[PDB]
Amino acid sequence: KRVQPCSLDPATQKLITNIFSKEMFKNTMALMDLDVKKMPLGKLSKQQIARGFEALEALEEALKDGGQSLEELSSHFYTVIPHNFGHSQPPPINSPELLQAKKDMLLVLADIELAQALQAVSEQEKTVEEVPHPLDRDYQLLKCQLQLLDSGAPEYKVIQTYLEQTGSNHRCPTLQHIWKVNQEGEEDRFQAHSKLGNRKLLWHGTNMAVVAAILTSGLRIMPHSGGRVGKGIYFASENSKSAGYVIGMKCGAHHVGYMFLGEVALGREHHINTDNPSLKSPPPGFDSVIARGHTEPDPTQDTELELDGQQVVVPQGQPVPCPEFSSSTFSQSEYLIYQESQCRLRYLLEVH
């Protein structure tokens, strides 16, 4: 079986190496305090996660009797999903906060498993006498087009400022590479929202073990997903807010982190200053709910872009106080869309 040469550039070789690394997914599992010696990457199945979520479904009903205890039902979740706690008694899930924390850990594992199932060798690849370079195979597996952009691009100095001015003042993410993303299948669903305006290019931060799943499926509204403002996709106009979720992985003296830039079609937006986890969609006549923050990049330093004949607002300015929302329960803005079709990824960033 002849191994074909790598057609990808060094930057795209790194990206694919990182996001598809077994060590990276195993390390992401170690950080989520999961026992990788009792739950290996290859043993990780859609049945085990279903069971895990089923065990959290039973716990959720106990907080909201006569049945089993909170210590008895927690014990089963730990028997299903094994954690490394130094061989000591596990703690019971006794709050909505811990419930969603243990729900958000299974939402990462689902993408860790997805990427694994994605890398399965088809019988078409078996009846074929030649194989592509492993990196080129993984790149083909995403069914996504990543275009590495240089300094001499209309959108390079646009995104550079965006990252600088809205990124944390002292802990500034050092930009390395920008890939223009084009997901095949995500084009038409967003094209339907042509009637819906108020287009804004907004950040989205994730840990390295879900990057590939987003490069294959796009950004989703998963069953058992949620947070401070409900079952929608979370976007920040400030880079600092998104970068909190990006766990930096060590690589010599440097740290690796990958960040997304989605195109959010908001339309008639409904603002808020209080947390509402119970949300599943916006109020009628509205298409997006935005949790307004204490600070915001001054909408006077804003720029625009023409992505597929549409005008996308790009915030370029530094955060500024917002007296209309001076008493908001959110320090920084959070943008929520309640239908996947209203997003389309536009850029993948490499930050150090």
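Residues carry their position along the shown sequence, with the first being 1. So that the term is clear: the rigid core is the largest set of C-alpha atoms that superpose within 1.5 Å between two forms.
For the pair 123-131 and 233-241, greater average C-alpha departure from the shown form in 8 other deposited structures of this protein after core alignment is found in 123-131. Missing deposited residues between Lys43 and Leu44: none, as the chain runs unbroken there.
Of the two stretches examined, 11-19 and 335-343, the record assigns the greater average C-alpha temperature factor to 335-343.
Remark: stretch with higher mean C-alpha B factor among 313-321 and 32-40 is 313-321. Across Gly197, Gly218, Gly244, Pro134, the greatest Cα temperature factor reported in the deposited entry is at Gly197. Out of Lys143, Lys231, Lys250, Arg228, it is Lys250 whose C-alpha atom has the highest B-factor in the PDB entry. In the deposited entry, the Cα temperature factor of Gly267 places it in the middle third of its chain's modelled residues.
Sorting the modelled residues of the chain by their CA temperature factor places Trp179 in the middle third. Split the chain's modelled residues into thirds by C-alpha temperature factor. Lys26 is in the lowest one. Sort the modelled residues of the chain by CA B factor and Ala55 lands in the middle third. Annotation for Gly205: CA B-factor lies in the lowest third of the chain's modelled residues.
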